[PDB]
Amino acid sequence: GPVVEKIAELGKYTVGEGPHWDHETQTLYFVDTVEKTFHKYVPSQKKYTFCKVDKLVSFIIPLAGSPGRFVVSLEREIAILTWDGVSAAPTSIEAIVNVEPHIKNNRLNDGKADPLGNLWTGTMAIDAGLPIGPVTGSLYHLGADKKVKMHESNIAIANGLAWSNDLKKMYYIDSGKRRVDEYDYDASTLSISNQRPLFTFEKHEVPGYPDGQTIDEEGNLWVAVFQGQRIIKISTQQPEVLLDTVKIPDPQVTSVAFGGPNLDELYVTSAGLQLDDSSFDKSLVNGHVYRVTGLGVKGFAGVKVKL
Ligand SMILES: [Hg+2]
Ligand SMILES: [Hg+2]
Ligand SMILES: [Mg+2]
């Protein structure tokens with residue numbers, strides 16, 4: 001079976017999240033969504049750095065055409081951070097837009113660029129809860145003239161995103177729904193329609209909650225299972241098809257991104273945050289980063305945000 005390696009050099013994270021593989025510099029970026037920190041790992045040189053801010057963060061994506069600059073979330077603001085990748089604080093911060101200026105207890109959560117470079121991201125209550133809690137989030141994309149457009153509401157925990165290779169489908173996770181949804185995606189109008197369930201956890205006895213996801217070159221989705229101690233591989237050709245399961249030692253698996261020189265090593269983040277209603281004892285919940293090899297598939301390099 002696949003080899004799952006704990007990345008010792010990286011330590012433990014409260015809620016490690018938002019992995020992004022920059023293929024030209026062979027570098028993994030990621031965040032901690034509770035500790036207000038950004039992280040950089042260069043596997044070939046065993047180099048790790050971090051950056052501290054004073055707002056909650058949930059994604060970090062290189063800015064297309066601007067080395068040393070990243071598009072990030074700072075609470076409810078989408079911003080450009082100028083960061084040399086090694087100093088413990090940003091050089092400067094340029095706010096782009098506040099997506100929800102008058103919802104004081106919301107935050108941005110997962111974000112990713114579509115294959116065209118458009119940033120998509122969703123919000124949630126800071127005090128969201130599973131299985132039941134306040135449902136206050138929405139799904140946005142950042143469009144022309146730095147204005148966002150809204151595509152879906154009534155989202156409890158805005159999470160993983162992916163797009164099909166032919167640009168006809170988008171896949172999206174609200175963790176509270178315990179399913180992955182598929183949508184028809186119109187790349188020319190950047191609109192989504194015909195929402196329907198692709199994969200429903202209860203139909204397949206999958207525990208936990210879907211969190212982050214990514215898609216491989218064959219069109220399979222790889223989904224992180226929070227409180228499931230696993231990643232799952234699901235079909236996009238047929239609804240409700242579980243293709244494979246890979247166990248990850250950490251129970252609270254949060255997200256996934258393909259990386260390595262040949263885009264065939266799957267990086268997996270997890271959360272060490274100990275929750276009061278967990279299905280796993282505290283001794284099991286650590287928050288390591290993992291690397292999975294031997295899956296027999298390749299993914300895609302992480303896409304930069306175009307502004
Ligand atoms: Hg930073
Ligand atoms: Hg940054
Ligand atoms: Mg997430």
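Just so you know, residue 1 is the first one in the sequence shown, and it goes up from there. Every number for a ligand or one of its atoms is a count from 1 in the order of the listing.
Minimum interatomic distance between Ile192 and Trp120 (heavy atoms only, all atoms of both residues): CG2-CH2, 4.0 Å.
The nearest N, O or S atom of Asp110 is not closer to the Mg ion (ligand 3) than 2.8 Å.
Judged by the 6.0 Å and 45° rule, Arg178 forms a cation-pi pair with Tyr209.
Summary: OE2 is the N/O/S atom of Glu17 found nearest to the Mg ion (ligand 3).
When OD1 of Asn159 and OD1 of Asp211 are joined through the Mg ion (ligand 3), the resulting angle is 80° to the nearest 10°.
Using a 4.5 Å heavy-atom threshold, the side chains of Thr214 and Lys112 count as touching.
Using a 4.0 Å cut-off between charged side-chain N and carboxylate O, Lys46 and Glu9 make a salt bridge.
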